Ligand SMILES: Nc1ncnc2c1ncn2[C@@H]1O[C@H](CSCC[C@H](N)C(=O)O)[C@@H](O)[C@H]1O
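Shown here is one chain on its own, the form deposited without the ligand, set out as structure tokens.
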């Protein structure tokens, strides 16, 4: 409780390694020559383009961050938006981002989890929403998402994933134990109290709730590029980053960024964009 609170880091630190949109998730470098900022917009479009969004629909963003996804949805698809965040700072920024949009569409941001959310919505997006998707309870999550959507409902969940210990063992015990200890570090110091799901968990929990689940998209090569730029950017701002936090916090995040790039390159971690289609989803 108070132990986890030790790993609280101010928004200002994240600004010193992230692109100007402050997107804390895997970018999408298509085409490959996109800047990180351009690739973060490409990742939002990759997710939204899977959701069959029509004007006047309501999109739910579970873990709406700084509001980039919701704004893009309103602008591109002329939809109403509801965002869920557990960050007071993100809630405030999202309200101002949405209010700034020239639209008559409904825009709402709620300081709550999905557990408490029970309003009808047409489509759902959730992009590396650690505070929502990082504490298991997957049967309740997929049941909620299924039940709040209409017959043609669709959802995307983008999540960092690990492999089951059995699958990790296949690459040899040395690398399996090493990866398992690095994952423990991630869910202790970077995403405290977290549980990193597997792609198989993401798929099978969706299917149990009644969703059709096509082949998940691996973003592995995109996360390698994202983490390389994040790491290189943090290192370039070392003095600034240490001033705002400490040498401890700087070393912690360089370990996270360099470490994740390594285990992604070694195919011991992955990032899955999973699509969940209700039985009546358009073909």
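Shifts are known only where both forms have a C-alpha. Between two forms, the rigid core is the largest collection of C-alphas that superpose within 1.5 Å. Residue numbers count along the first chain shown, from 1.
The following text describes the form solved in complex with the ligand, which does not appear among the structures shown.
Q: Pop the ligand in from its pose in the deposited bound form with a site C-alpha superposition and tell me open or blocked, counting ligand atoms that come within 2.4 Å of any backbone or C-beta atom (3 or more means blocked).
A: Blocked: the placed ligand clashes with backbone or C-beta atoms.
Q: Choose one stretch from 169 to 177, 131 to 139, 98 to 106, 145 to 153: the one whose residues place a heavy atom within 4.5 angstroms of the ligand in the deposited bound form.
A: Answer to the contact question: 131 to 139.
Q.
Can you pick out, from 59, 219, 46, 62, the residue that has a heavy atom within 4.5 Å of the ligand in the deposited bound form?
A. Of 59, 219, 46, 62, the residue with a heavy atom within 4.5 Å of the ligand in the deposited bound form is 62.
Q. Does the ligand come within 4.5 Å of any heavy atom of residue 79 in the deposited bound form?
A. Close contact is absent here: in the deposited bound form, residue 79 is far from the ligand, nothing within 4.5 Å, heavy atoms only.
Q) Do residue 211 and the ligand share at least one heavy atom pair within 4.5 Å in the deposited bound form? A) Residue 211: no contact with the ligand in the deposited bound form.
Q: Report whether the minimum heavy atom distance between residue 24 and the ligand in the deposited bound form is within 4.5 Å.
A: Residue 24 belongs to the contact set for the ligand.
Q: May I ask you to state whether residue 163 is within 4.5 Å of the ligand in the deposited bound form, using heavy atom distances?
A: No.
Q. Listed by sequence position, which residues of 93 to 107 have a non-hydrogen atom within 4.5 angstroms of the ligand in the deposited bound form?
A. Residues within 4.5 Å: none.
**Q.** Residue among 130, 182, 117, 77 whose Cα moves 2 Å or more between the shown form and the other one, once the rigid core is superposed
**A.** Among the listed residues, the outlier is 130.
Q. Closer or farther: how do the Cα atoms of residue 130 and residue 151 compare in the deposited bound form relative to this form, given a change of at least 3 Å?
A. Compared with the form shown here, the C-alpha atoms of residue 130 and residue 151 sit closer together in the deposited bound form, by 3 Å or more.
Q.
Flagged pair residue 157/residue 130: C-alpha distance shifts by 3 angstroms or more in the deposited bound form. Which direction, closer or farther?
A. Between the C-alphas of residue 130 and residue 157, the gap narrows in the deposited bound form (3 Å or more compared with this form).
Q) Once the rigid core is lined up, which stretches of 3 or more residues in a row have C-alphas that move 2 Å or more between the shown form and the other one? A) Core-superposed, just one run shifting 2 Å or more comes out: 130 to 136.
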